[PDB]
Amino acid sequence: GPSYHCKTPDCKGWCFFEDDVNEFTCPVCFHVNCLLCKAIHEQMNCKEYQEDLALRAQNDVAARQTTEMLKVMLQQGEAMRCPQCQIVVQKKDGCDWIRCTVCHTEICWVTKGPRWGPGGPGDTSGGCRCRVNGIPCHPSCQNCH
């Protein structure tokens, strides 16, 4: 069970990652962190945050740093786009499964795509079909729900 450090400057707030929890309310500074954007964006959904962050690339050097950082993460695994709404999702250490914050699509992190077909939970006509006939979606999978 790995951990996340609050993004408020110099804050000592931290949490463990949990499969079903995508937001961290810091007990120190009380700010709400988003555990898939790794950022505090309390008047935005994740899509509004990520688009505005790309608009600050022209030009903030800090934003341009992180936006180009993310584009290497996506091009090399350790980050991915939601297969449904296409927001950039970053890893939650120890969690093989994530429910998108914007569209609520279940994402299989092990296989870097959807958990299920359209029609959602139970539809093994798409997605990673973990455990059908006993086979895990990947032999490293431990629990993608």
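One-based numbering along the sequence shown.
Between 1 to 9 and 136 to 144, it is 1 to 9 that carries the larger average Cα temperature factor according to the deposited entry.
The stretch with the higher mean CA B factor, choosing between 64 to 72 and 46 to 54, is 64 to 72.
Looking only at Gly94, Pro118, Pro27, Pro83, the residue with the top Cα B factor in the deposited structure is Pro118. Taking only the listed residues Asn33, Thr111, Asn59, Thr105, the entry reports the highest CA temperature factor at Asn59.
Per the PDB record, residue ranking by Cα B-factor puts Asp19 in the middle third of the chain. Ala79: CA B factor in the highest third of modelled residues in this chain (values from the PDB entry).
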